[PDB]
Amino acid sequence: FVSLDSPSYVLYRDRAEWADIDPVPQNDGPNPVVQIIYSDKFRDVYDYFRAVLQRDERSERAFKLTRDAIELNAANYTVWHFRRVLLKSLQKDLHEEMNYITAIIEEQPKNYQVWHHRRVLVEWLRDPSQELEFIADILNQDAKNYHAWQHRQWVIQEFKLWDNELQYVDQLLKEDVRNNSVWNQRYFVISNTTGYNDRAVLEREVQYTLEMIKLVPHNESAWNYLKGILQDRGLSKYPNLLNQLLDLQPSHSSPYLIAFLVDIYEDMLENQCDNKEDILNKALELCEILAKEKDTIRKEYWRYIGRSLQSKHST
């Protein structure tokens, strides 16, 4: 009906249809701490919310009241829980509620309660038909919204909507190849569909990632994804990768490439590689270069790696 900012808005203490119930003030004690000096409108709504909650009044007026309580503080999870109790008790149209939560999330996209409420509605309706499009709109405003990506992964996994997500991932990577959330979604989609054991898929992914690295050599996300899809089997299991990186080093001696080389050497030494002494020496040389010049912010980490290597492979 009327909104909190509407010119005709009336405080609940002045509404005739609410005169039959006494408001319940919040008891902060005689000597309050972290006491918020609420506006008259805020205290008014919550004094009545406390009243309906205390009486557990499953009514239409209570339902409408929660809408105002939510506008005042959308992070009040108690109000949201009660609203869901009312949705069921009153047998409210859940599609109408979906339209409501859609508008609310657009206004406060980083709130935990609003996304959970939406998930509950989708679960109750078992209808994910509006999800991918809605989430895409939120991500169009903030391509890294954590809650949006999390909800997206849940919808896709719960309702098996994998068919077009890799295409979506490619589109967003084109827009911003530095979007780490999209690289994570890439791993999410592939690991849950084809998997990475298919050597054809793995090669496709390594090639793609290397192409992205060549285009933007200092984009950490691509480097991290390359390591991510190869680390479990062991970086030393891919001999050609070492050669290729060694060729680009002279022209692309970034801290990312140098660190990746150390990572390869670490695994090589862990798998009884040949020319152990030579590999250890090369790894230690790079650790020093990283600690003293190329990646000084991580000096302590690189010094630790150097000592670790010596504790495991000196012989």
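Whichever C-alpha set is largest while still superposing within 1.5 Å between the two forms counts as the rigid core. Quick note: we count residues from 1 along the sequence shown, nothing fancier.
K.L.:
I'd like to know which segment deviates more from the shown structure in 8 other deposited structures of this protein: 45-53 or 247-255, using C-alpha RMS over all structures and residues after a core fit.
P.N.:
Stretch with the larger root mean square C-alpha distance in 8 other deposited structures of this protein: 247-255.
K.L.:
Can you tell me whether 240-248 has a higher mean C-alpha B factor than 205-213 in this record, or the other way round?
P.N.:
240-248 has the higher mean C-alpha B-factor.
K.L.:
Check the entry's C-alpha temperature factors for 111-119 and 98-106, then say which stretch has the higher mean.
P.N.:
Between 98-106 and 111-119, it is 98-106 that shows the higher mean C-alpha B-factor.
K.L.:
Per the PDB entry, which option out of 186, 88, 144, 227 has the greatest Cα B factor?
P.N.:
The listed residue with the largest C-alpha B-factor is 88.
K.L.:
By its CA B factor, does residue 150 count among the lowest, middle or highest third of the modelled residues in the chain?
P.N.:
As the PDB entry reports it, the C-alpha B-factor of residue 150 lands in the lowest third of its chain.
K.L.:
Would you mind ranking residue 74 by its C-alpha B-factor against the rest of the chain and naming the third, lowest, middle or highest?
P.N.:
CA B-factor rank for residue 74: lowest third.
K.L.:
So where's residue 161 on the chain's Cα temperature factor ranking, which third?
P.N.:
Answer is highest: the recorded C-alpha B-factor places it there.
K.L.:
Lowest, middle or highest third: which one holds residue 46 when the chain's residues are ordered by CA B-factor from the entry?
P.N.:
Bottom third by C-alpha B-factor.
K.L.:
Where does residue 125 sit by CA temperature factor within its chain: lowest, middle or highest third?
P.N.:
As the PDB entry reports it, the C-alpha B-factor of residue 125 lands in the highest third of its chain.
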